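K.L.:
What follows is a single structure, and I will ask about it in a moment.
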Amino acid sequence: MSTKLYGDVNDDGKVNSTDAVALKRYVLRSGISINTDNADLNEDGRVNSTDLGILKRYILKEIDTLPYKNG
Ligand SMILES: [Ca+2]
Ligand SMILES: [Ca+2]
C-alpha cells in the first residue's frame with residue numbers, strides 16, 4: 001500500500017533523537033525490541049554519532065532516500 005522509513009525504531013518514521021528513548025535502552029543493552037532489521041547501516045547498531053548526523057540530517061525531512069553519501 002505504502003512504505004517510507006529507514007531503520008525505524010518504533011515504526012514511527014525513522015531512527016533518530018526521536019526514537020532515542022529506545023536508543024538509550026538499546027545502546028545500553030539489546031533488551032528492547034526494534035526493527036533491527038534495517039536499523040543499523042554502519043555496523044554501529046543505530047546512531048552512535050556518525051550515523052546520527054546523517055540521520056538527523058536526512059531525517060530532517062529528506063526521510064525517503066537519505067543522502068548516505070558513500071565516501
Ligand atoms: Ca520513529
Ligand atoms: Ca550505525
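Each chain in the C-alpha cells gets a letter, A, B and so on, in the order shown; residues start at 1 in every chain, and ligands are counted from 1 in the order they appear.
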Counting only C-alpha atoms and all ligand atoms, which residues of chain A fall within 9 Å of ligand 1, and what is the closest atom pair for each with its distance in Å at one decimal, ordered by chain and rising number, as CSV?

P.N.:
```
residue,atom,partner,partner_atom_place_in_ligand_line,distance
A:5,CA,ligand 1,1 (Ca),8.5
A:7,CA,ligand 1,1 (Ca),8.8
A:8,CA,ligand 1,1 (Ca),5.4
A:9,CA,ligand 1,1 (Ca),5.5
A:10,CA,ligand 1,1 (Ca),5.3
A:11,CA,ligand 1,1 (Ca),5.5
A:12,CA,ligand 1,1 (Ca),3.6
A:13,CA,ligand 1,1 (Ca),3.9
A:14,CA,ligand 1,1 (Ca),4.2
A:15,CA,ligand 1,1 (Ca),5.5
A:16,CA,ligand 1,1 (Ca),7.0
A:17,CA,ligand 1,1 (Ca),8.8
A:18,CA,ligand 1,1 (Ca),6.1
A:19,CA,ligand 1,1 (Ca),5.2
A:20,CA,ligand 1,1 (Ca),9.0
```

K.L.:
Can I get the selection written as an mmCIF file, in the first residue's frame, with C-alpha atoms?

P.N.:
```
data_model
loop_
_atom_site.group_PDB
_atom_site.id
_atom_site.type_symbol
_atom_site.label_atom_id
_atom_site.label_comp_id
_atom_site.auth_asym_id
_atom_site.auth_seq_id
_atom_site.Cartn_x
_atom_site.Cartn_y
_atom_site.Cartn_z
ATOM 1 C CA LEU A 5 11.048 4.526 6.521
ATOM 2 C CA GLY A 7 15.724 1.596 10.173
ATOM 3 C CA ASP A 8 12.702 2.702 12.164
ATOM 4 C CA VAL A 9 12.793 2.006 15.883
ATOM 5 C CA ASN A 10 9.136 2.078 16.858
ATOM 6 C CA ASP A 11 7.969 2.045 13.258
ATOM 7 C CA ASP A 12 7.043 5.694 13.639
ATOM 8 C CA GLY A 13 9.212 7.298 10.984
ATOM 9 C CA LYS A 14 12.883 6.508 11.457
ATOM 10 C CA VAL A 15 15.651 6.029 13.995
ATOM 11 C CA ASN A 16 16.732 9.388 15.364
ATOM 12 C CA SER A 17 16.785 11.504 18.502
ATOM 13 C CA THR A 18 13.055 10.862 18.408
ATOM 14 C CA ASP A 19 13.431 7.132 18.925
ATOM 15 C CA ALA A 20 16.293 7.841 21.297
#
```

K.L.:
For ligand 2, list the contacting residues at 9 Å or closer, counting only C-alpha atoms and all ligand atoms, as a PyMOL selection string.

P.N.:
chain A and resi 39-52

K.L.:
Determine the nearest neighbour of residue 54 in chain A from the options A:33, A:1, A:27, A:6, counting only C-alpha atoms.

P.N.:
A:6

K.L.:
Just how far from CA of residue 28 in chain A is CA of residue 66 in chain A, in Å to one decimal?

P.N.:
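Answer for the CA of residue 66 in chain A to CA of residue 28 in chain A separation: 26.1 Å.
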